[PDB]
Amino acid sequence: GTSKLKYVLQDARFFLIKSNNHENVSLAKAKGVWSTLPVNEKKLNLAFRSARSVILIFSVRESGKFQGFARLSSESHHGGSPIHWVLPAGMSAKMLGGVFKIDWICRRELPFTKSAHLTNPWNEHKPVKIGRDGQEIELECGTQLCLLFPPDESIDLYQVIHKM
């Protein structure tokens, strides 16, 4: 069903994550972690303290799709084993230093063609697929976007609801 999912999304905040490559999203799906640039790292840390759920919605650049969405389970932390991110050109490892823990809610893809009816008030009412890494998505648009993804029956939201 979708009832527990709607409960997790209740009063949530939503952020678009744009990854330059697929390998980093695959690693995030395997290990339950994400790292972003310092500007976005500060925003996500503030949001984590402010909201019952902070949802990251992932899209690999040039893929034409979202690859899934996840909930922050922690603020960023330093000093773990260096995650083997594939770094963009001109991208350094210290820039991706802070590591957030995340719980995946959906690991299934959603093509941009399916979200063409959703616009984001916080990005000039452009289609929600449009945005820079870290762009916040207003509550109603983000909720509807998450509800468009195919159900991920491999995930049990019972743990998740408890983290809240």
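Here, rigid core means the biggest group of C-alpha atoms that superpose within 1.5 Å across both forms. So that there is no doubt, residue numbering starts at 1 and follows the sequence shown.
- Of 66-74 and 31-39, the stretch whose C-alpha atoms sit farther from the shown form in 8 other deposited structures of this protein, after fitting on the rigid core, is 31-39.
- Structural divergence in 8 other deposited structures of this protein between 96-104 and 111-119: following superposition by the core, 96-104 has C-alpha atoms lying farther from the shown form.
- The stretch 91-99 shows the higher mean C-alpha B-factor when 128-136 is compared against 91-99 in the entry.
- When the C-alpha B-factors of 65-73 and 47-55 are averaged, 47-55 comes out higher.
- In this PDB entry, the Cα temperature factor of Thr143 sits in the bottom third of its chain's modelled residues, the lowest group.
- Ranked by C-alpha B-factor against the other modelled residues of its chain, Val39 falls in the highest third.
- Among all modelled residues in its chain, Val8 ranks in the middle third by Cα B-factor.
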